[PDB]
């Protein structure tokens, strides 16, 4: 169930503003990440869809994670599902994002300013 802790798209410690900073550097719909929230048993999936950045609450309870009306055994199951099934407006999850992915498909952060 906690197999998500290994995945490239999961972040145990990451703020909303940080996830925005990362996603703003990947202007592709389907770019996404999952972050733990401060509230117990809460996560958020942060993703891009139709050009804009979105955040969704994901609650865990017992043996189940919930997103809207959908229920899964685990976060890994939730993510795997929304790769093959639209999450928001025909948009499927496509590009898992972390700082190493951003080195490769991300716009460069300006060193000077």
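Positions refer to the first chain, counted from 1.
When 7-15 is weighed against 87-95, 87-95 comes out higher, by mean CA B-factor as recorded in the entry. As listed in the deposited structure, the average C-alpha B-factor of 99-107 and of 16-24 is greater for 99-107. You'll see in the entry that, of 75, 49, 33, 56, the Cα B factor peaks at 49.
When the CA B factors of the chain's modelled residues are split into thirds, the value for residue 70 lands in the highest one. Among the modelled residues of its chain, residue 38 has a C-alpha B-factor that falls in the highest third, as given in the PDB entry.
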